[PDB]
Amino acid sequence: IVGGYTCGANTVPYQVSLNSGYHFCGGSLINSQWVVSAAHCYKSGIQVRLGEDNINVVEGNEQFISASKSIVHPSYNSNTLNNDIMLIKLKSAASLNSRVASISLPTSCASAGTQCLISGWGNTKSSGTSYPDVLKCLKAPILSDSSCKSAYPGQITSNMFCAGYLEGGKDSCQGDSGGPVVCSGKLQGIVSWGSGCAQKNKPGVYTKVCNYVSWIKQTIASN
Ligand SMILES: Cc1cc(CN)c(C)o1
Ligand SMILES: [Ca+2]
């Protein structure tokens, strides 16, 4: 997250870190045994880390649970990043509490102008490289489909939306991949892609979660 703020320990209780020897992606806990992330975060050997603030220090509220299975969306295209969504099942159910909690799926799509919270352990620099240890947060509005398409000619599908600031300065970045965009207590987006970070007229692009609720529910119900 570039141009954000330090969230505060366990203030974003649905935020997970995906770890394969190191943090490589964010995710969102949607029930006691399932995480939603980006399909571009797919790899084998995933451990889900919940209750994290400082990802380099065991602070006492963590639960570390290995993934038993991952399900990449059947229509995910890695070139275009269309349908950039994946489900991860935990080998055992997380113990839910005030610091480890699920986030509700949307019942309807959020509109341009809706204020959301984006979070992650990604790069905090727009030019250089600096990775924070503690979770960073950014309040950002959803941008109109028209401005999103104008920002990225030929690249925005019906499964994507832009959020952030056309002036730049405040954005998601590398390492935030797969993490949450939460608006009014609903998971509306997944950190997906962009062009650099916090650059003028290049806002973050997010997977449009409301399009996938039926798939998520049916997949969970049979797996
Ligand atoms: C994970 C990620 C988010 C964004 C949006 N600035 C980029 C380039 O990479
Ligand atoms: Ca920790």
Side-chain angles (χ1 to χ4, degrees), residues 1-4 6-13 15-19 21-29 36-43 47-65 78-81 84-86 94 97 99-100 116-143 147-148 151-152 155-156 160-181 189-208:
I1 303 288
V2 179
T6 296
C7 302
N10 311 115
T11 57
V12 187
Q15 173 83 55
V16 314
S17 168
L18 305 184
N19 184 289
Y22 45 86
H23 166 89
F24 69 88
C25 270
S28 302
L29 190 67
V36 176
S37 189
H40 82 260
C41 292
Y42 165 76
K43 60 161 68 181
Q47 186 185 62
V48 178
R49 300 195 153 203
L50 307 299
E52 288 282 16
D53 189 45
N54 190 317
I55 51 172
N56 272 146
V57 180
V58 176
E59 302 180 291
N61 292 299
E62 298 94 345
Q63 298 174 48
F64 298 163
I65 307 174
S78 52
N79 296 141
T80 62
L81 297 181
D84 193 10
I85 185 167
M86 173 184 52
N97 55 56
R99 297 181 172 78
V100 177
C116 307
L117 181 70
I118 309 173
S119 51
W121 288 277
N123 191 0
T124 60
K125 301 293 190 60
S126 54
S127 295
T129 304
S130 184
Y131 287 84
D133 301 295
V134 300
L135 189 65
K136 298 288 179 172
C137 276
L138 175 63
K139 287 183 177 184
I142 294 177
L143 298 172
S147 69
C148 190
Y152 295 103
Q155 302 158 76
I156 304 305
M160 300 172 189
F161 68 89
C162 288
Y165 300 90
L166 294 179
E167 65 260 45
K170 295 194 284 182
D171 200 5
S172 58
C173 204
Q174 172 161 29
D176 293 319
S177 286
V181 182
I190 298 162
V191 182
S192 185
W193 67 275
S195 186
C197 313
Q199 304 300 299
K200 185 175 167 172
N201 294 126
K202 294 295 182 180
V205 187
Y206 300 91
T207 309
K208 192 168 178 173

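In each ligand, atom 1 is the first atom listed, and ligand 1 is the first ligand listed. Heads up: numbering here begins at 1 and tracks the sequence. Note: hydrogens, waters and symmetry copies are ignored here, and every other heavy atom, side chains too, is used.
Take the N/O/S atoms of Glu62: the one nearest the Ca ion (ligand 2) is OE2. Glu52 has its closest N, O or S atom to the Ca ion (ligand 2) at the position named OE1.
The proximity of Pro203 to ligand 1, defined as any non-hydrogen pair under 4.0 Å, does not occur for either the backbone or the side chain. Only the side chain of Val191 comes within contact range of ligand 1, with a heavy atom under 4.0 Å; no backbone atom does.
Considering only non-hydrogen protein atoms, atom 3 (C) of ligand 1 sits nearest to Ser172 OG, 3.3 Å. Among protein heavy atoms, atom 7 (C) of ligand 1 sits closest to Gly194 N, 3.8 Å. In terms of protein heavy-atom proximity, atom 8 (C) of ligand 1 is closest to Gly196 O, 3.0 Å. If you check which protein heavy atom lies closest to atom 1 (C) of ligand 1, you get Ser177 OG, 3.1 Å.
In this structure, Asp176 contributes its side chain and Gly122 its backbone to a donor-acceptor pair below 3.5 Å. Counting only distance, with no hydrogens or angles, the side chain of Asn10 and the backbone of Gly51 share a donor-acceptor pair below 3.5 Å. With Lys202 contributing its side chain and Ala151 its backbone, the two residues share a donor-acceptor pair below 3.5 Å. Using a distance-only test at 3.5 Å, with no hydrogens or angles considered, no donor-acceptor pair links the side chain of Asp84 to the main chain of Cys41.
A donor-acceptor pair shorter than 3.5 Å can be found between the side chains of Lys136 and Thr6. With hydrogens and angles left out, the side-chain atoms of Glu52 and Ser17 include no donor and acceptor closer than 3.5 Å.
Counting the atoms of ligand 1 from 1 in the order shown, those under 4.0 Å from a heavy atom of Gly204 are 5 (C).
In this comparison of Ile190, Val205, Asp171, the heavy atom closest to atom 6 (N) of ligand 1 sits on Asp171.
Closest of all the heavy-atom pairs between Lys170 and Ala198 is N-CB, 3.8 Å.
By the 4.5 Å heavy-atom criterion applied to side chains, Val191 and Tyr206 are counted as neighbours.
The O atom of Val57, the Ca ion (ligand 2) and the O atom of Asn54 define an angle of 80° (nearest 10 degrees).
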